[PDB]
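Reading through the structure tokens given below for one structure.
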Amino acid sequence: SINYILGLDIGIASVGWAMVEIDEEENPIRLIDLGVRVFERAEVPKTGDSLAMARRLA
RNA sequence: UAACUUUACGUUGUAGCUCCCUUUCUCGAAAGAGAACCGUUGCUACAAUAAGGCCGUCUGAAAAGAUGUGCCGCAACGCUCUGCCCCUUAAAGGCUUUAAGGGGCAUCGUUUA
């Protein structure tokens with residue numbers, strides 16, 4: 001029900017998101033909601049092996 | 001990057017031989033020689049190699065036998081199914097239940113046999 005642009009910042013272990021409500025003419029007027037979502041990055045951390053590798057070996 | 005077929009080790013447990021050696025026997029004026037339990041060095045063999053769970057075929061009413069280039073098990077992603085949790089709404093007795101609907105996660109699904 002709100003006219004807003006969603007900005008995403010993506011990295012190997014993080015996604016930051018922001019919502020900015022914009023004008024009728026597409027100009028930003030209000031900062032609505034922002035958050036950060038962090039996860040574990042999809043590799044064996046020290047060596048860069050794949051997470052699946054240990055399972056395939058076994 | 002996801003997917004293979006095998007080899008060869010290593011680890012542990014058990015068997016034979018073996019290197020040491022702690023105590024306890026027996027001998028012997030010492031030194032030791034042989035022994036018993038255990039420890040454990042080395043060589044060889046077998047079993048297991050995630051912890052756990054299954055199938056196919058043949059003879060049998062079945063029990064079970066026989067049998068095999070037998071199968072899965074540490075991941076990723078997803079919500080079709082199933083489970084837990086969260087929410088919205090409707091109905092009936094802020095409490096409880098039900099239904100529908102929408103999600104998160106998985107002990108659920110797919111890759112996958």
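By order in the structure tokens, chains are A, B, ...; within a chain, residues start at 1; ligands start at 1, following the order shown.
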Leaving out region 11-18 of chain A and any residue of its chain fewer than 5 positions from it, which residues lie within 9 Å of it when counting only C-alpha atoms (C1' of nucleotides), given as an NGL selection string?
:A and (5-6 or 31-42)
Please determine the contact residues of chain A with respect to chain B at a cut-off of 8 Å, counting only C-alpha atoms (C1' of nucleotides), and supply them as a CSV table (one decimal) with C-alpha atoms, in the first residue's frame.
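Output saved as iface_2.csv:
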chain,number,residue,atom,x,y,z
A,50,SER,CA,32.8,-27.2,-0.7
A,51,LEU,CA,30.4,-28.1,2.0
A,52,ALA,CA,29.4,-31.2,0.0
A,53,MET,CA,33.0,-32.4,-0.4
A,54,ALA,CA,33.3,-34.2,3.0
A,55,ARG,CA,30.0,-36.0,2.4
A,58,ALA,CA,32.6,-40.3,3.0
Which of region 22-58 of chain A end up as alpha helix (DSSP H) when DSSP is run on this backbone - answer as number ranges by chain?
A: 51-57
Shell of 10 Å around region 45-47 of chain B, only C-alpha atoms (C1' of nucleotides), local chain residues under 4 positions omitted, as number ranges by chain
B: 13-16
When you look at region 79-94 of chain B with a cut-off of 12 Å (counting only C-alpha atoms (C1' of nucleotides)), what residues show up, excluding the ones that are within fewer than 4 positions of it in the same chain? I need them as a PDB file with N, CA and C atoms (P, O5', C5', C4', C3', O3' and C1' of nucleotides), in the first residue's frame.
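For reference, out-v1.pdb as written:
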ATOM      1  P     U B  98      -7.725 -28.442  17.176  1.00  0.00           P
ATOM      2  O5'   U B  98      -8.712 -28.189  15.957  1.00  0.00           O
ATOM      3  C5'   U B  98      -9.944 -28.892  15.882  1.00  0.00           C
ATOM      4  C4'   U B  98     -10.935 -28.172  15.006  1.00  0.00           C
ATOM      5  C3'   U B  98     -10.399 -27.659  13.686  1.00  0.00           C
ATOM      6  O3'   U B  98     -10.238 -28.683  12.723  1.00  0.00           O
ATOM      7  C1'   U B  98     -11.740 -25.997  14.690  1.00  0.00           C
ATOM      8  P     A B  99      -9.005 -28.627  11.696  1.00  0.00           P
ATOM      9  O5'   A B  99      -9.604 -27.872  10.432  1.00  0.00           O
ATOM     10  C5'   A B  99     -10.953 -28.072  10.040  1.00  0.00           C
ATOM     11  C4'   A B  99     -11.462 -26.890   9.255  1.00  0.00           C
ATOM     12  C3'   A B  99     -10.446 -26.242   8.330  1.00  0.00           C
ATOM     13  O3'   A B  99     -10.313 -26.937   7.106  1.00  0.00           O
ATOM     14  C1'   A B  99     -11.529 -24.570   9.584  1.00  0.00           C
ATOM     15  P     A B 100      -8.898 -26.987   6.351  1.00  0.00           P
ATOM     16  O5'   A B 100      -8.861 -25.612   5.552  1.00  0.00           O
ATOM     17  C5'   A B 100      -9.923 -25.253   4.680  1.00  0.00           C
ATOM     18  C4'   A B 100      -9.941 -23.764   4.443  1.00  0.00           C
ATOM     19  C3'   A B 100      -8.624 -23.167   3.974  1.00  0.00           C
ATOM     20  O3'   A B 100      -8.435 -23.320   2.579  1.00  0.00           O
ATOM     21  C1'   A B 100      -9.492 -21.861   5.741  1.00  0.00           C
ATOM     22  P     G B 101      -6.977 -23.633   1.986  1.00  0.00           P
ATOM     23  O5'   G B 101      -6.187 -22.274   2.220  1.00  0.00           O
ATOM     24  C5'   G B 101      -6.626 -21.079   1.593  1.00  0.00           C
ATOM     25  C4'   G B 101      -6.022 -19.855   2.234  1.00  0.00           C
ATOM     26  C3'   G B 101      -4.513 -19.821   2.356  1.00  0.00           C
ATOM     27  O3'   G B 101      -3.856 -19.570   1.129  1.00  0.00           O
ATOM     28  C1'   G B 101      -5.476 -19.023   4.350  1.00  0.00           C
ATOM     29  P     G B 102      -2.436 -20.257   0.833  1.00  0.00           P
ATOM     30  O5'   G B 102      -1.392 -19.223   1.447  1.00  0.00           O
ATOM     31  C5'   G B 102      -1.637 -17.825   1.373  1.00  0.00           C
ATOM     32  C4'   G B 102      -0.865 -17.067   2.426  1.00  0.00           C
ATOM     33  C3'   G B 102       0.584 -17.477   2.612  1.00  0.00           C
ATOM     34  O3'   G B 102       1.426 -16.961   1.594  1.00  0.00           O
ATOM     35  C1'   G B 102      -0.439 -17.191   4.724  1.00  0.00           C
ATOM     36  P     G B 103       2.790 -17.716   1.210  1.00  0.00           P
ATOM     37  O5'   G B 103       3.295 -18.281   2.608  1.00  0.00           O
ATOM     38  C5'   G B 103       4.673 -18.470   2.864  1.00  0.00           C
ATOM     39  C4'   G B 103       5.097 -17.730   4.110  1.00  0.00           C
ATOM     40  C3'   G B 103       6.304 -18.310   4.831  1.00  0.00           C
ATOM     41  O3'   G B 103       7.524 -17.850   4.287  1.00  0.00           O
ATOM     42  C1'   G B 103       4.559 -18.027   6.374  1.00  0.00           C
ATOM     43  P     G B 104       8.714 -18.887   4.007  1.00  0.00           P
ATOM     44  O5'   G B 104       9.394 -19.049   5.434  1.00  0.00           O
ATOM     45  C5'   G B 104       9.845 -17.910   6.146  1.00  0.00           C
ATOM     46  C4'   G B 104      10.349 -18.291   7.513  1.00  0.00           C
ATOM     47  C3'   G B 104      11.268 -19.502   7.559  1.00  0.00           C
ATOM     48  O3'   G B 104      12.614 -19.170   7.267  1.00  0.00           O
ATOM     49  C1'   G B 104       9.568 -19.765   9.160  1.00  0.00           C
ATOM     50  P     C B 105      13.537 -20.197   6.449  1.00  0.00           P
ATOM     51  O5'   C B 105      13.539 -21.496   7.369  1.00  0.00           O
ATOM     52  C5'   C B 105      14.478 -21.618   8.427  1.00  0.00           C
ATOM     53  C4'   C B 105      14.035 -22.618   9.467  1.00  0.00           C
ATOM     54  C3'   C B 105      14.470 -24.048   9.232  1.00  0.00           C
ATOM     55  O3'   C B 105      15.827 -24.265   9.574  1.00  0.00           O
ATOM     56  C1'   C B 105      12.207 -24.001   9.933  1.00  0.00           C
ATOM     57  P     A B 106      16.679 -25.381   8.796  1.00  0.00           P
ATOM     58  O5'   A B 106      15.810 -26.701   8.979  1.00  0.00           O
ATOM     59  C5'   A B 106      16.389 -27.876   9.519  1.00  0.00           C
ATOM     60  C4'   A B 106      15.337 -28.820  10.042  1.00  0.00           C
ATOM     61  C3'   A B 106      15.239 -30.161   9.341  1.00  0.00           C
ATOM     62  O3'   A B 106      16.234 -31.065   9.785  1.00  0.00           O
ATOM     63  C1'   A B 106      13.067 -29.274   9.687  1.00  0.00           C
ATOM     64  P     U B 107      16.624 -32.349   8.905  1.00  0.00           P
ATOM     65  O5'   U B 107      15.597 -33.458   9.406  1.00  0.00           O
ATOM     66  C5'   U B 107      16.012 -34.497  10.282  1.00  0.00           C
ATOM     67  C4'   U B 107      14.897 -35.483  10.535  1.00  0.00           C
ATOM     68  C3'   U B 107      13.567 -35.137   9.881  1.00  0.00           C
ATOM     69  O3'   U B 107      12.851 -36.336   9.596  1.00  0.00           O
ATOM     70  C1'   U B 107      13.323 -35.094  12.236  1.00  0.00           C
ATOM     71  P     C B 108      12.697 -36.842   8.078  1.00  0.00           P
ATOM     72  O5'   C B 108      11.546 -35.924   7.473  1.00  0.00           O
ATOM     73  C5'   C B 108      10.258 -36.458   7.191  1.00  0.00           C
ATOM     74  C4'   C B 108       9.508 -35.614   6.187  1.00  0.00           C
ATOM     75  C3'   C B 108      10.034 -35.636   4.759  1.00  0.00           C
ATOM     76  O3'   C B 108       9.612 -36.769   4.018  1.00  0.00           O
ATOM     77  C1'   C B 108       9.646 -33.403   5.408  1.00  0.00           C
ATOM     78  P     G B 109      10.629 -37.501   3.009  1.00  0.00           P
ATOM     79  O5'   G B 109      10.534 -36.644   1.665  1.00  0.00           O
ATOM     80  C5'   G B 109       9.281 -36.352   1.066  1.00  0.00           C
ATOM     81  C4'   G B 109       9.389 -35.232   0.057  1.00  0.00           C
ATOM     82  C3'   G B 109      10.520 -35.332  -0.959  1.00  0.00           C
ATOM     83  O3'   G B 109      10.200 -36.174  -2.051  1.00  0.00           O
ATOM     84  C1'   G B 109      10.482 -33.161  -0.046  1.00  0.00           C
ATOM     85  P     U B 110      11.292 -37.198  -2.627  1.00  0.00           P
ATOM     86  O5'   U B 110      12.114 -36.338  -3.689  1.00  0.00           O
ATOM     87  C5'   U B 110      11.462 -35.630  -4.734  1.00  0.00           C
ATOM     88  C4'   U B 110      12.400 -34.659  -5.406  1.00  0.00           C
ATOM     89  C3'   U B 110      13.777 -35.203  -5.762  1.00  0.00           C
ATOM     90  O3'   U B 110      13.780 -35.870  -7.011  1.00  0.00           O
ATOM     91  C1'   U B 110      14.010 -33.131  -4.642  1.00  0.00           C
TER      92        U B 110
END
Fewer than 6 positions away in the same chain doesn't count, so skip those; otherwise give me all residues within 12 Å of region 20-29 of chain A, counting only C-alpha atoms (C1' of nucleotides), as a PyMOL selection string.
chain A and resi 1-8
